[PDB]
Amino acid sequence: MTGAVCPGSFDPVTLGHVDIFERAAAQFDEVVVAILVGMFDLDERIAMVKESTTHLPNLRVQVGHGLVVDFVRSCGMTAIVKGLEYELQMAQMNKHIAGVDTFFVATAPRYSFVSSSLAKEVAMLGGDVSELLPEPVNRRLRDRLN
């Protein structure tokens, strides 16, 4: 039984993130999105990820606390997956202390420039980033600025 954890703060989840979720889900038996404890509270973040991933039956969303590698090993998962040198440092640290591996996958070109932080700053100053975020995020983003 193969499994990958996709960790992050997801504040908010982006289409870049969902693309990674989709590709992990295609390769591993199970995917767990670990929301690691900002603009949106934990509950909102979870909802937004769930609402954006209904098309991924083998994906589960879960709040995480502490070391990501503890999360991975506790839930019997087998790997961390994340989208793309700082990560390099963490991946090797994570292999050192817990034997957990990290698989990196390149961003789809069209999402190469979107980040949660940049989306937030642009949204707050009146820019349209709705093409870079899931509709569940867009919906909540509109409501929080209105």
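One-based numbering along the sequence shown.
Modelling of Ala26 is complete across the other compared entries in which both of its neighbours are modelled; not even a third of them leave it out.
For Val114, the fraction of other compared entries lacking coordinates, among those that model flanking residues, is zero, nowhere near a third. The gap between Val37 and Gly38 holds 4 to 9 unmodelled residues of the deposited sequence. The stretch of deposited sequence separating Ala98 from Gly99 contains no residues lacking coordinates in this entry.
Here the stretch with the larger average CA B-factor, out of 101-109 and 56-64, is 56-64. Per the PDB record, of the two stretches 116-124 and 86-94, 116-124 carries the greater mean B-factor over its C-alpha atoms. Among all modelled residues in this chain, the alpha-carbon of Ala47 has a temperature factor (C-alpha) in the highest third. Ranked against the other modelled residues of its chain, the C-alpha B-factor of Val81 as given in the entry falls in the lowest third.
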